[PDB]
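S.K.: Can you read through this structure? Questions will come right after.
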Amino acid sequence: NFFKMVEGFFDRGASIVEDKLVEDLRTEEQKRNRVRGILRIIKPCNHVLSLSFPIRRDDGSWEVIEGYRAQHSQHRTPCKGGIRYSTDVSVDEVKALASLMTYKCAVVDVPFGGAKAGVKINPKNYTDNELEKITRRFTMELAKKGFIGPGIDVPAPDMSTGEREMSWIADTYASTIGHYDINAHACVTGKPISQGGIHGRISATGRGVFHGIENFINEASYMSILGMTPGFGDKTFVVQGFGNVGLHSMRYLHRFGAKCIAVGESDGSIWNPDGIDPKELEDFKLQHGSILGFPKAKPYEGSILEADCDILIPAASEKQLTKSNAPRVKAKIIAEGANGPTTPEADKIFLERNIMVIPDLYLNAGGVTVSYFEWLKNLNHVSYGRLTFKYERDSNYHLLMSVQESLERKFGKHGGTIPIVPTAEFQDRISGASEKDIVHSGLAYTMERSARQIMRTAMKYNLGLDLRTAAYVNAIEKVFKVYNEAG
Amino acid sequence: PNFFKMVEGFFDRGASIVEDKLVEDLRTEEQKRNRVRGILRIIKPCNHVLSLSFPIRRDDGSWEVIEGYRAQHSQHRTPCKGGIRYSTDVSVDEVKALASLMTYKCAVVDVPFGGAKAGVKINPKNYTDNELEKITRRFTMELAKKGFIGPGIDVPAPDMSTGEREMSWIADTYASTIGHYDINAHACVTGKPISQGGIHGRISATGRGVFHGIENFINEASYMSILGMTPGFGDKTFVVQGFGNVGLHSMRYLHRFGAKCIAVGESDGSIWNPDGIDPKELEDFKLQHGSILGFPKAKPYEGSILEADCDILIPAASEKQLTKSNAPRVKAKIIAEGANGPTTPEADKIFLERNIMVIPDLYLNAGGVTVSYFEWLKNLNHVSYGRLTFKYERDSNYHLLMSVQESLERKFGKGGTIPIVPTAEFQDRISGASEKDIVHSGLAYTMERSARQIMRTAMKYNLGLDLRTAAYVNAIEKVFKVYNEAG
Amino acid sequence: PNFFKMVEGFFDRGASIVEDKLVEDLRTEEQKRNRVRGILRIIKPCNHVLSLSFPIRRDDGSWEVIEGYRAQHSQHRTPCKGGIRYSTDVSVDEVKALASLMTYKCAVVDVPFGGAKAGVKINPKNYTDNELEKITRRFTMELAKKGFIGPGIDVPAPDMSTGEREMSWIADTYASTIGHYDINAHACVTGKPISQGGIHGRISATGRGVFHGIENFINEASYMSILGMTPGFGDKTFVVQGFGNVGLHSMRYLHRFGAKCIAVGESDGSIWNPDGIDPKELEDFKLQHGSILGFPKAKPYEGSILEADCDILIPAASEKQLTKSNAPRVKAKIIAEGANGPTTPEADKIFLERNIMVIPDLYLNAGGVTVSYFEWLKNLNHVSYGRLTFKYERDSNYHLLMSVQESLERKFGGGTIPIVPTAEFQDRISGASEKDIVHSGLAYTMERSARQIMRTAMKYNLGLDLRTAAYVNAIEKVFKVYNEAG
Amino acid sequence: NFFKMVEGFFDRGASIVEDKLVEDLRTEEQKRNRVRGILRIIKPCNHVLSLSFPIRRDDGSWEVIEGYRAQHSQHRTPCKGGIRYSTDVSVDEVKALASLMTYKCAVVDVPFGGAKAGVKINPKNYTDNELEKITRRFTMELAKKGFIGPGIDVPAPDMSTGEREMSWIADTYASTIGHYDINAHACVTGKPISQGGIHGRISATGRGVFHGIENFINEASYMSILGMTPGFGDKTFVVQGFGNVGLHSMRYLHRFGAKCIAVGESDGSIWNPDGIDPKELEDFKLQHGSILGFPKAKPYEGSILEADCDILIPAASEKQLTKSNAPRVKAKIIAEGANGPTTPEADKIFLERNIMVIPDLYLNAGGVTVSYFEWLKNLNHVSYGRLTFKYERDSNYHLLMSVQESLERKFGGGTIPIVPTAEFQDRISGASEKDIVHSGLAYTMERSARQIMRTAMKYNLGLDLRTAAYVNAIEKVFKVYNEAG
């Protein structure tokens, strides 16, 4: 199950790093293996809180609702985590997810801890008024015990909670408890743009997974082992599951020349070797129901996991790949777009077959990065780039004028050259400048710089295509370094 | 079974009894009050439960992780009260059960407190004093940062596994780090030693409470006529089933007012003497060496003292000491439940059938919490009780007694009558005035006022000798009144 | 012989006397108890001291920089008591010594306070009344931001060179600038006028304190038998040196209970009359014009009054009065140290040589500290003392007297009313006020502290050296506070 | 000692500036001269505090430690200072150093006050487990009386302390008092890179010294007045002392075209007319002991202070220059590296024969500028340039593409102006926060040097730059009091 796999991953990663850590990372009496209790400190969750609060139903009825919150690590003061509305949430689930969140944050180098929430409520049972009342009471109860403050803990949306729920979170801390706090509105991430949101929030995960895939494809050394090399172009990719992540990943990946051979979903699959236009399929999906039946698309009989392709993106529920299904696959690269779609056993088969598996701890951190950017914007009290767009535009025009004049007063006998016309792509960028470009640039830079680090760690620790342990080792090293010089 | 089921059953029975009379002529509409009474399902569960895991460094420089819990049941009255236990078998269920019990226990004696309990999975007789101090320090800091220790939020108290030494540390920790700017920083914990801000007479609190609780029912003519024995303490026999703090301190006070002890038990063989056992000589012998084994002037008693002939048997050793097997052989008349629930629920039925009253454990041992409340008040006052009134009262008494002889001499005229001399008891009271007198008087008044309320509640609902379900009904009604009139 | 050296020597002697038996008599391992006596090392030095330099604008528009100091000594009890002096003689070491003395003075009386003292290097005679207000307000401003004025942190008090005006000017400034949201902002200081939240009986507190201190030791049969007089007031003459607030308010209460005053000293010639001197007439004469020089009821006694034949001496004028030179020429068998350190340590050896009792200054003049504590408590309680109980007590007393009357009438059957109270009781009932309560509290506190001091002298086989007994008492109490602290 | 001279500097500056400030700085009844009480307000230190806190040693014996801290000026809320761990600290020393810190911060337009602290203890005879206890207790005691706050006072490490202590202070403050403050970790500067530090902090002071020397060298008028040609390549320099500042200054000076004639330290001096490679010298020094016995260089005998160099950097202990050796020096420019390496008496001799001396007040501000940048980062909760590097890269590539397209349109060819130079490619590939920090430091030093040069001519001052800098700082701090009430 999912609760034990994270602990197993941590245990596997904590034994590989200890030998190198004890020797060349301390400055006595060989009593440093006893200092490896720092790993034991990191391993368990710090705080867990259980709640039971009453609400008033529409028909004059009283009910009790129970919720949970867990904070794993507090080496970084702002804890980060999501809120889940479901009727099957448990303490162990939030424990495991909070434990995963701190490593996820540490991988992409954001200064956040780890958290997770959960309310034993079925969303499709209550009126919007009742949901709002539940949200308000939960916010108040969490804030009274020190679990909501902008400098303490910051909730984030999930699959079962939209931005509407977290619009209510903001104007309950800022109206009751954080009235005197100047940064009261910064205690939540994922709020709408009108309330202090960030542009480009929706397409964060798709751009993140696209950049993560792109970074590894353009690596000659790694691609040489798989025997495909070049880069993009003529590559064939298939996606299973057509959520937000899958849709945006397919769009951004097809924009750069990749061909989408097939698309999977809960209903019947879609198969077309000629390629599928993401825009047309998205329009069909939004028009009516699912993609069951699509023009210029022959339905695929049988599972698409074994279909012939180059990149496979399993952006769906967990445990999509098992030991039995492992030998039958044919894709040379698996890009884990969801939370743990591969069983630990199947990793052994993939390693034995010389198949690269991009870890899920790395690929889908674009949402966390954009949430961090939103938190920074809320702290700054100003949208990004508002005070610099015109300045850069004027500087670029001046530089072009200088180049044109320098060229003119060199051949100034016959010629009216005008090297001051920006290209159409540059003109469109200049005219359409906004904070969305800044957010996307920051995301791309972050996910390139954090890919270089994981590649270096994998090379250093003398391990092959097993990138998951490399990511876990990198995160554990960072956390141990944080604890080491703190006392 | 476990105490959780027992307290749940007690609450359910009390709520079922009180619901019928809580709506008729108690609330001011289409019989919708049967839905407004859903407050009873809000009081039942615990509001907050917190789980900890914090590191310490041992004496040999080795790190380890210690986990603890803290649960708060009700918050209708802000300052919560509870104890802290240092044991290796503490669990989340037990701490919630004790927290739930504490609210009703406080409500019975009209102290304005909530309910809470704490536990640390630790063995106290396994560590040096330095690391015990470190554990307490870190536990207090972690519990304070989440809002669980504040003087106006939550106040702890010593349990059987902790002492005043372990809470002088708590008071110092809170007053030094977090509550530095709070004028009532030292009021964040009770049970402190007298030098740090304690209250006199704390050790003899529970025994005085047990004595006053017994004496309240002893002088009740109706109950004595019902169960057939003379009122007062003229010729009465009590057998103590334990020589701990509560038993030792309560057993002296009974003898001070004409009661005779015939048998005393312990974890070893009991000592029996029909002529009587001297209180003062017994504890000197116990302190001289080991336990009461081999005590002179007392032939050993073969068998179980529970079935021994007595009238005021006090089961103050442990829990679950009266099952359905030994119940039929009990030849007592009044059972003083000094311990924390030593009678099984099934034994209550046979005791009622035999027409033998049992003083509830929810009422008999509230002297400790009452004295803790007085200590909290004293720390909020920044002055000892009676400091500014002893000399004034003495002068007033002397003047008032002087006036009488002046008036008599004015009337009768010439001899020198001298009614201005007080008795030996009054002289000792005047010269020996201190805070413990005020504390004892307050405790006696509190239990005297609670006893009559229990009488009235038992008479209201046509209950006989079932005082436990009457005390529970009192607590439920009193805690419901606060909720109903607030919204 | 600066006060710092004397207080350091007193503390050292007390620590040396107490430690040898404190090693094992009261503790609980393996004889590290002697090595855990760094607590006495922590006791001696002052924890904090702060120096200031703040500007003011004079009435003529000129600017000036003013210096000030404040020191905190123990902080074993969170609030700290202290005074403020406006004189061009204050230094850091004097402030530290006074704070150290105040810590033990509070400890010996069982009042939960620390030790503090402040000073400003100005001469009040060279400043306009308007300039003093702004100087004081700026001093409070600078002192508040560093955590030295808070009601739960540090609470000052007036002194010889300051009055109620400064206390008002600091209370309102703190309540209006920093402690705006505090509910006990007005409790940050003591000595305020009654209108601003003061307490009754503040002015006559020290006189009652010294009177009760003398009265407690006069009735001690054991000391009186070995000293050589008859216990109890009566046929006992006393003299007072220096005639200020303390001297006047002590002489009044001493004469009220039957003590004849025969000589009064001051900065000028003394006045002597074997018959006695009426305090009221002397006070009226002093208030009428100038000093008490030329009193038309006695003779201008020549020579130092310290050698005058009497039983009780009150050196309440200034310090370093009784030295070794005039030590053997005195005749009084009891000396009451009204002021702060009127006897040099060298002179005390002579008094101990010929069994002359000396009441320590540490314990005698604590009435001001006690009444300041009571005023602080009243400000905390937000209500004057005895507001909810005077009529209740009156009704209870009347009911008790009526019950006695009716019960007596049952036994014998005409009117025999035991209902009329005595004149002293009827007057007390009518004129009830919180002044009675505070005086009663002062009397009880002094009575309870005197016996506690008496115990330690028998405990350590000390003779008539009560000063070291009081110092040992304070040291033991503070050491206990640290010991059970952790 | 080192307090009378710093008081005299302020006295001279105030006497110089008072007349102009009362005459030409306003547009009433000649009572403005009575307003010069502001100058006498500035001089004395505002607050000083002494401490006595107990600790228990490893063997279990209790000890008492004394500590000091002084805050000079409160005209700007956050005060910047330092912590000294030595058994030679006194109230006079910390007061004088805080007073100097005030003007040092004021010169380079850094919005901080003046502060300084010291603990009277010897770190040599204490274990690592005891130093942490001392630091934590000192931090707690200093915090409870309002001396540590992020908006109150920000301590910094000194020569006797390291970055290990700063981490302890930050951890202690953020766990007890600053728990409720979002800016808890901004209370201390100098923390390790993993706790909130900034890259390039280690090489701050040397780079600042190099920038100051470079800025004064390029000033044509000053070189003409001194009497030698401008430019930098032909010059030669000699250092004294091989600490951090000397090492980094020598490295940068050689990297920008200078020859190191000699190097001096506590041991014997090392001399080579052909120059010394800083990398080889640093490797030799780090290999074993001092720089004694360095090959490829002659063992100079005597004092290097009289060497026939061009510019001299006395980065060593105080009072290294006095009247005795004043006339025997031949350096045209003296660049003070440490705090006050020359006596005020020698300044007259140096001015007598037009020898320019660069004040230690201005040349030593790199470490405080970088500290200000670190404080700003800790407030911003994000690294510098994280959200702008890749945007700037795309903007830079688009300009080159536009130029390429326009040139191809005009001539047509296959012109390729898209490729950047070999240095710009390395710059864009290796962009990081150190570049931003260095650029900010260089800008600050250039602006400060221009300001003091401008103020030198306004008051008709000669080659005396020390008094010019002091006058500039006094004038800068006067306005804050003047336009406030």
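Each chain in the structure tokens gets a letter, A, B and so on, in the order shown; residues start at 1 in every chain, and ligands are counted from 1 in the order they appear.
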Can you list, as a PyMOL selection string, every residue of region 27-142 of chain A that DSSP puts in helix (DSSP H, G or I)?
M.R.: chain A and resi 33-42+91-107+123-125+128-142
S.K.: List the neighbours of residue 45 (chain D) out to 9 Å using only C-alpha atoms; skip same-chain residues closer than 4 positions along the sequence, and give me the result as a ChimeraX atom specification.
M.R.: /C:52-53 /D:70-73,95-96,98-99
S.K.: Can you work out which residues from chain B touch chain D at a cut-off of 8 Å (counting only C-alpha atoms) and hand them back as a list in words?
M.R.: residues 177, 178 and 180 of chain B
S.K.: Could you save the residues just selected, with N, CA and C atoms, as a PDB file, in the first residue's frame?
M.R.:
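Written out: part-v3.pdb:
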ATOM      1  N   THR B 177      10.594  31.429  28.487  1.00  0.00           N
ATOM      2  CA  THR B 177      10.696  31.454  27.030  1.00  0.00           C
ATOM      3  C   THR B 177       9.499  32.123  26.361  1.00  0.00           C
ATOM      4  N   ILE B 178       8.296  31.599  26.580  1.00  0.00           N
ATOM      5  CA  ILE B 178       7.127  32.047  25.831  1.00  0.00           C
ATOM      6  C   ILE B 178       6.395  33.142  26.591  1.00  0.00           C
ATOM      7  N   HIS B 180       7.061  35.303  28.642  1.00  0.00           N
ATOM      8  CA  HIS B 180       7.908  36.315  29.262  1.00  0.00           C
ATOM      9  C   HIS B 180       7.150  37.620  29.468  1.00  0.00           C
TER      10      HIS B 180
END
S.K.: Identify, on the basis of only C-alpha atoms, every residue whose closest approach to residue 355 (chain A) does not exceed 10 Å; exclude the query and any residue fewer than 3 positions from it along the same chain; express the result as a list in words.
M.R.: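 The residues satisfying every condition are residues 225, 226, 330, 331, 332, 333, 334, 347, 349, 350, 351, 352, 358, 465 and 466 of chain A.
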S.K.: Set the distance at 9 Å and use only C-alpha atoms: which residues neighbour region 85-101 of chain B once local chain neighbours fewer than 2 positions away are removed? I'd like the list as a count of residues only.
M.R.: 42
S.K.: Could you list, as a list in words, every residue within 12 Å of residue 476 (chain D), counting only C-alpha atoms and ignoring same-chain residues fewer than 2 positions away?
M.R.: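 The residues satisfying every condition are residues 17, 21, 42, 75, 102, 103, 104, 105, 106, 107, 108, 109, 110, 111, 451, 452, 455, 469, 470, 471, 472, 473, 474, 478, 479, 480, 481, 482 and 483 of chain D.
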S.K.: Save the residues we just selected, C-alpha atoms, as a CSV table (one decimal), in the first residue's frame?
M.R.:
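That gives us result.csv:
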chain,number,residue,atom,x,y,z
D,17,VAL,CA,30.6,71.8,9.0
D,21,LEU,CA,25.3,74.3,7.8
D,42,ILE,CA,24.8,63.0,18.1
D,75,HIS,CA,17.9,57.8,13.9
D,102,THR,CA,27.3,54.7,12.8
D,103,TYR,CA,29.3,56.9,10.4
D,104,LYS,CA,30.6,53.9,8.5
D,105,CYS,CA,27.1,52.9,7.7
D,106,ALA,CA,26.1,56.5,7.0
D,107,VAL,CA,28.9,57.0,4.4
D,108,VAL,CA,27.8,54.3,2.0
D,109,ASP,CA,24.1,55.2,2.4
D,110,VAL,CA,23.2,51.9,4.2
D,111,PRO,CA,20.1,52.5,6.4
D,451,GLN,CA,30.0,61.6,-3.3
D,452,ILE,CA,33.0,62.0,-1.1
D,455,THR,CA,32.2,66.9,-1.0
D,469,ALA,CA,34.5,61.5,4.6
D,470,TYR,CA,33.8,62.4,8.2
D,471,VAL,CA,32.1,65.7,7.2
D,472,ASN,CA,30.1,63.9,4.6
D,473,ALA,CA,28.8,61.4,7.2
D,474,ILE,CA,28.0,64.1,9.7
D,478,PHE,CA,22.3,65.7,10.5
D,479,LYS,CA,19.4,65.9,8.1
D,480,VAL,CA,17.5,62.9,9.7
D,481,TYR,CA,17.4,64.8,13.0
D,482,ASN,CA,16.7,68.1,11.4
D,483,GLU,CA,13.7,67.1,9.2
S.K.: Using the chain letters and numbers from this document, which residues of region 213-310 of chain A does DSSP assign to strand (DSSP E), as JSON, numbers by chain?
M.R.: {"A": [236, 237, 238, 239, 240, 259, 260, 261, 262, 263, 270, 271]}
S.K.: Considering only C-alpha atoms, can you say which of D:137, D:145, D:84, D:120 comes closest to chain C?
M.R.: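 Closest to chain C, using only C-alpha atoms: D:145.
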S.K.: At a cut-off of 6 Å, list the chain B residues touching chain A, using only C-alpha atoms, as a ChimeraX atom specification.
M.R.: /B:47-53,63,146-147
S.K.: Could you list, as a ChimeraX atom specification, every residue of chain A that has an atom within 7 Å of an atom of chain D, counting only C-alpha atoms?
M.R.: /A:151,417,419,421-423,426,438,441-442,445,482,485-487
S.K.: May I have the selected residues written with C-alpha atoms, as an mmCIF file, in the first residue's frame?
M.R.:
data_model
loop_
_atom_site.group_PDB
_atom_site.id
_atom_site.type_symbol
_atom_site.label_atom_id
_atom_site.label_comp_id
_atom_site.auth_asym_id
_atom_site.auth_seq_id
_atom_site.Cartn_x
_atom_site.Cartn_y
_atom_site.Cartn_z
ATOM 1 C CA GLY A 151 4.448 32.264 8.792
ATOM 2 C CA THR A 417 19.699 50.161 -43.388
ATOM 3 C CA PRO A 419 18.404 46.976 -38.186
ATOM 4 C CA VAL A 421 12.845 45.902 -36.599
ATOM 5 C CA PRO A 422 12.185 43.229 -33.946
ATOM 6 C CA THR A 423 11.060 39.850 -35.205
ATOM 7 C CA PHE A 426 9.781 39.222 -30.359
ATOM 8 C CA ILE A 438 7.724 35.577 -15.452
ATOM 9 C CA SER A 441 10.393 31.417 -16.865
ATOM 10 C CA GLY A 442 10.909 30.858 -13.147
ATOM 11 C CA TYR A 445 14.710 27.680 -14.564
ATOM 12 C CA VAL A 482 19.824 21.859 7.199
ATOM 13 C CA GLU A 485 24.563 23.363 11.417
ATOM 14 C CA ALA A 486 21.469 24.329 13.427
ATOM 15 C CA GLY A 487 22.171 22.594 16.747
#
